[PDB]
């Protein structure tokens, strides 16, 4: 597995563009490493095709995507023609992000990207649907662990990406169901002095039974 303070290992692995070092791939950009169970599968095809459409948005926001499965690069390159066909693009071998060959399930044990009750006909447990979000400083900023049966929300991946990019920029936080542009919460350890000088668009605090002044809203900084 991997915890929120851990560092993405500079692992070496083979992809659809060749072998790479992890950190060297990222360098000074945010990284999204997501894994999918098998290639030539129906939900995975939707998932990786949804990604390929979102790669422009993830790009201009300084994020690099990269895929991973147990299937070979021989397949990855061929499946991309189907993935491209799904998106009604010209069925090339080229995707806007890479896919890692994890033939031997090395970094899938390293990172805990395994599945229960899912394996190949060869009798080997496959990947699951994980998404690791790393920051420019190579640390784990977020992670989700989804089942093989349950597909992922990529509109949710983009949402928390803007947050992580916003909450690190400003001394704010994003509440539940927060949509891009909605009001953010004021970090509760900030006094009304430094606060009003940070958010000139105003800080708005509700009053609650215990008379604490922590519930403070403010428009997007």
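Positions refer to the first chain, counted from 1.
Looking at mean Cα B-factors across 144 to 152 and 70 to 78, the upper value is held by 70 to 78. The deposited model assigns a higher average Cα B-factor to 107 to 115 than to the other stretch when 126 to 134 and 107 to 115 are compared.
Highest C-alpha temperature factor among 168, 63, 33, 51 per the entry: 63. Among 55, 162, 173, 195, the highest C-alpha B-factor in the deposited entry belongs to 195. Ranked by Cα temperature factor within the chain, residue 215 sits in the middle third according to the deposited record. Among all modelled residues in this chain, the alpha-carbon of residue 20 has a temperature factor (C-alpha) in the highest third. In the PDB entry, residue 190 places in the middle third of its chain by CA B-factor. Among the modelled residues of its chain, residue 88 has a C-alpha B-factor that falls in the highest third, as given in the PDB entry. Compared with the other modelled residues of the chain, the Cα B-factor recorded for residue 100 ranks in the middle third.
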